[PDB]
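# Structural overview for review
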Amino acid sequence: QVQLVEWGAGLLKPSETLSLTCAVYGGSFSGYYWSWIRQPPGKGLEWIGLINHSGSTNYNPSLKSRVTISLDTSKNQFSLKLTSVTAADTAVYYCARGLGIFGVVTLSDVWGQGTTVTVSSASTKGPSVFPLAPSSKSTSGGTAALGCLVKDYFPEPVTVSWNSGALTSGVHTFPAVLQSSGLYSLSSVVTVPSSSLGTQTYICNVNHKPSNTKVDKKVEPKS
Amino acid sequence: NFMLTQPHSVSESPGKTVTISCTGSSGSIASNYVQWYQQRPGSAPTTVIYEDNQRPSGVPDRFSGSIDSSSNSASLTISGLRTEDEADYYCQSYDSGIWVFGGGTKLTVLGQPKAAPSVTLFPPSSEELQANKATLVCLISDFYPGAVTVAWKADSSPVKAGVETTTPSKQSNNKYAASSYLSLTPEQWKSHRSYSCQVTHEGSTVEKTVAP
């Protein structure tokens, strides 16, 4: 049962160097290759550096100036070193098995579990609640969508309610989105009927436990 | 600068045979093997196509792959498309050993009729000008399959300043709701004359225009 593990710090800062190492189970490195692979948020995997038992390496041309992979054959591991970490470096890092010849891996059977590395320097912040008003016109379908927009908070999570839960017809919460500056955003809307619009109260109550922010905002059809 | 790309989504009902593509950009995919990974949600990648035409032990032989050197594209083929095939499909190619991947492929089994999405757009409210902020709101829901792409416009011109698209989640009626948001500034809101949000659902896209 060939097994692999990775480890390291889960939080890194900008302009810092990132250090990892993966451990092997049930084997050696003699003609057994190893790769360090990462999952950018919402994107596919990509690799940075490899090594074999002797110590020869191949590097990612884009991350060549920031990669250093070394083997520790006595205790049977291999280390990832990523200097000068930037916002583009957010990912979860995977070490994988490799069999091959002449530098190219011809076999990747098992994969590591992957360790989480966060690259941000954003402090905790309270959401800026933003009600959104629709066109307030009877569209093709008799549906009126009213809601509030949540932005600029850190970290997760936030849940948005409606009329203290009284309204449930058009309520649809969402997962959060990532602002590149280090804050997050969310969304909430209610799909109320067009006939029942204008006079009924539509209020969302936002919750951000990390920032202890509780804000009540009222949504209006038009002005 | 060799890179991999994968289609955003494909629609196909169970009982048919479906294909998944992955095309190189700068170089030739004939110079390295293609390896396909399947990623069921909440699971680590596992190989399905192996050395361009083989499969690992335990995977049914219906998972067939091929390499086309005419247009530098690779194909993932599933013959007996099953409801249990729902996963994330990735392709592999080597750029001097680079384990690069594409954008990802979401293949869904059709157990429901095709749904034409309805899109509602909300310009930044008046309470946002005093806060020195601005953001277009683009809400899409009630469509299946739930995988669309969004492109912002600024006076009928592409813009990617704050594209933040997150995955559609499950709804109450088994449908999905999209997400794509354009973060902006009050000076930029009044600077132009026409803002729109579009979603390319399958083959036809529906868009609306909002102006300040």
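As stated in the entry header, the method of structure determination is cryo-EM and the reported resolution is 4.28 Å.

Moving on, we get to the overall build of chain B. A count of helices and strands for chain B gives one helix and 18 strands. The C-alpha extent of chain B, read off along each of the three principal axes, is 60 × 40 × 30 Å. Within chain B, buried positions represent 46% of all 212 residues. Carbon together with sulfur atoms contributes 48% to the accessible area of chain B, which is approximately 9,900 Å² in total. Taking the 15 positively charged and 18 negatively charged side chains of chain B as two groups, their mean positions are separated by 6 Å.

The next subject is the interface of chain A and chain B. Residue-level contacts link 40 residues of chain A with 39 residues of chain B. A combined buried area of about 3,200 Å² lies between chain A and chain B, and 60% of that area is made up of carbon and sulfur atoms. Looking only at chain A, the three residues that lose the most surface to chain B are A:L45, A:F130 and A:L132, adding up to 16% of its buried area. The tally of links from chain A across to chain B stands at one salt bridge. Here B:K133 and A:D152 are joined by a salt bridge, their closest N and O atoms 3.7 Å apart.

Turning our attention to empty space enclosed by the protein. Rolling a probe over the atoms, with the probe sized like a water molecule, indicates the empty space that remains. Estimates place the volume of the largest cavity at around 70 Å³. In terms of lining, the largest cavity is formed by A:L132, A:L146, A:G147, A:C148, A:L149, A:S187, A:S188, A:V189, B:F122, B:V137, B:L139 and B:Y181. Per element, the largest residue contribution to the lining of the largest cavity is four residues, and it comes from strand 13 (residues 143–153) of chain A.

Residue and element names in this part refer to chain B. Enumeration over the complete set of coordinates arrives at four disulfides over all chains. Between the sulfur atoms of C138 and its disulfide mate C197 the distance is 2.0 Å. Disulfide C138-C197: torsion about the S-S bond near -75°, hence left-handed. Of this pair, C138 sits in strand 10 (residues 134–143) while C197 sits in strand 17 (residues 195–201); the two residues are 59 residues apart in sequence, bridging distant segments of the chain. On the accessibility criterion, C197 (2% relative accessible area) is buried. Along chain B, the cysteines that take part in disulfide bonds pair up as 1-2, 3-4, counted in sequence order. Here the bonded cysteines of chain A are numbered in sequence order, and their pairing is 1-2, 3-4.

All names here are of chain A. Here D89 shows up in the loop between strand 8 (77–82) and strand 9 (91–101). Using a relative accessible area of 7% as the deciding quantity, one classes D89 as buried. Leaving out residues up to four positions away in the same chain, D89 has contacts with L63, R66, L82, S84 and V119.

Two aromatic rings, taken as a pair, are described by how far apart their centres are and by the angle between their planes. For the structure shown, the criterion picks out eleven aromatic pairs over all chains. Seen in terms of ring centroids, A:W111 and B:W99 are 5.7 Å apart; in terms of plane orientation they differ by 50°. Their pairing is tilted. Separated into two different chains, A:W111 in the loop between strand 10 (104–107) and strand 11 (115–119) and B:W99 in the loop between strand 7 (88–90) and strand 8 (105–109) make up a pair that spans both. Taken individually, A:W111 and B:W99 each receive the classification buried, so the pair is uniform in this respect. Between the aromatic rings of A:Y153 and A:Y184, the centroid separation amounts to 6.3 Å while the plane-to-plane angle is 90°, which identifies the pairing as edge-to-face. Of the two residues, A:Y153 sits in strand 13 while A:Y184 sits in strand 16 (residues 184–193), which places them 31 residues apart along the sequence. Looking at A:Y153, the relative accessible area reads 0%, which means it is buried.

Residue and element names in this part refer to chain A. Among the ten residues that make up strand 16, eight are buried, leaving the element largely enclosed by the rest of the structure. Direction of pairing for strand 13 relative to strand 16: antiparallel, over a ladder of ten bridges. Residue pairing across strands places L149 opposite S187, the latter belonging to strand 16. Two strands pair when backbone bridges link them, and strand 15 (residues 177–178) and strand 16 are joined in this way by two bridges, in the antiparallel orientation. Looking at the pairing, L178 lines up with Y184 of strand 16. If you look at the hairpin formed by strand 15 and strand 16, you'll find five residues sitting between the two strands, and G182 has a positive phi there, around 110°.

Rules and cut-offs
Residues numbered from 1 in each chain as written, not as in the entry; some residues may be left out. Chains lettered and ligands numbered in written order. Part of a larger assembly, values for the part shown. Heavy atoms only, no water. Residues with missing side-chain atoms left out of burial classes, pairs and counts. Helix = DSSP H or I, 4+ residues; strand = E, 2+ residues; numbered from the N terminus. Buried < 20%, exposed > 50% of the residue type's maximum accessible area, 1.4 Å probe, protein only. Areas by Shrake-Rupley, 256 points an atom, 1.4 Å probe, with all protein chains shown as cover. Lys, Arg positive; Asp, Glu negative; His and termini not counted. Charge placed at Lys NZ, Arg CZ, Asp CG, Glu CD. Contact = heavy atoms within 4.5 Å. Buried area = accessible area lost by both parts, 1.4 Å probe. Salt bridge = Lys/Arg side-chain N within 4 Å of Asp/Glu carboxyl O. 1 Å grid on protein atoms, 1.4 Å probe; cavity = no way out; pocket = protein on both sides within 12 Å on 5 of 7 lines; lining within 4 Å. Points joined across faces, edges and corners; volume = space filled by probe spheres on them. Disulfide = S-S within 2.5 Å. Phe/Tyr/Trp six-rings, centres within 6.5 Å; stacked < 30°, edge-to-face > 60°. Pairing = 2+ DSSP bridges.

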